[PDB]
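Asker: below you'll find the sequence and an experimental structure to go with it.
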Amino acid sequence: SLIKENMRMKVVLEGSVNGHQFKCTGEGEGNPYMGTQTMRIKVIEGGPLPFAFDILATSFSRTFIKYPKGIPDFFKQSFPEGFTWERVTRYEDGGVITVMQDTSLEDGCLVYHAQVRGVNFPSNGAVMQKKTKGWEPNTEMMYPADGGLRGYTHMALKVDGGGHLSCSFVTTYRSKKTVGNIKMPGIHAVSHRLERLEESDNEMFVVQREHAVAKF
């Protein structure tokens, strides 16, 4: 397969949140067939970010989902060309973030480009005040949709003082394949656990890992 048991990734993610422009770069590796990955991320422009890095964390990798025998893997089948994803995330207190992402494969490395735009986060809220504490584990429902997939998520962002902020989104996953076939899965789910491993004081440097497993 073009997707090996060990694969490296690199990412450029840029955009703005509440008018604050930034750019990040990341690089990492994982085992796509075990659904595990780690990435090391630096804020290279606009730092220190005046908002929680957690709102960006889920924008930095669908090739690394452990899919059983019996659920077709849309993502791995999309190579060499790869896939795109487009997401809007809506937070219960009115933040909205739109993300556009491209996934390519270049010289044996997965290459990601993401653009993000967040607006209307309350200035006083946990995101803009940097009072968040990571994401609860969650399950994304995956639906077949006219040759692509729609993912649907309700996630809980932990906040200081024993709170959460709920958010939801729909993701549209599209293949870039111009030659060849894709076997489409049926409805399924993907269980995620996204963990912050390292961070610097002002989140200029973050290391995170994910474990993602598909199920019926």
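Answerer: Structure received. Residues are numbered from 1 along each chain as shown.
Asker: going forward, measure contacts between C-alpha atoms and count neighbours the same way
Answerer: Will do.
Asker: buried set for stretch 116-134?
Answerer: Within stretch 116-134, the residues that count as buried by 16 or more other Cα atoms under 10 Å are 116, 117, 118, 121, 125, 126, 127, 128, 130, 132, 133, 134.
Asker: please flag which of the residues you listed sit within strands.
Answerer: Judged by DSSP state E, these include 116, 117, 118, 132, 133, 134 as members of strands.
Asker: quick one: the second one from residue 170, how far?
Answerer: Relative to residue 170, residue 117 is positioned 16 Å away (Cα to Cα, to the nearest Å).
Asker: likewise the last one?
Answerer: Noted for residue 134: a distance of 20 Å to residue 170, by Cα to Cα.
Asker: now swap in the first one and tell me
Answerer: Distance from residue 116 to residue 170, counting by Cα to Cα: 15 Å.
Asker: all helices for the protein, in order.
Answerer: Using DSSP state H, the helices found in the chain span residues 54-57, 74-77, 126-129.
Asker: closest to residue 181 out of those?
Answerer: Taking Cα to Cα, helix 74-77 is the member of the helices of the chain nearest to residue 181, at 8.0 Å.
Asker: which residues does the nearest residue to residue 9 once chain neighbours are set aside bridge with?
Answerer: Among residues not flanking residue 9 along the chain, residue 110 sits closest, at 4.4 Å (Cα to Cα, 6 or more residues apart in numbering). In this structure, residue 110 bridges to residue 9, residue 105 when assessed by DSSP bridges.
Asker: quick revisit: closest to residue 144 out of the ones in strands among the buried residues of stretch 116-134?
Answerer: Using Cα to Cα, residue 116 is the member of those that sits closest to residue 144, with 24.9 Å.
Asker: ok, that closest one to residue 11 distance?
Answerer: Taken as Cα to Cα, the span from residue 116 to residue 11 is 13 Å.
Asker: go on, residue 141?
Answerer: Counting by Cα to Cα, the gap between residue 141 and residue 11 amounts to 25 Å.
Asker: how many residues are close by residue 78?
Answerer: Using other Cα atoms under 10 Å, residue 78 is surrounded by 23 other residues.
Asker: for it, which residues are in contact?
Answerer: 175, 176, 177, 182 (Cα atoms under 8 Å, 6 or more residues apart in numbering).
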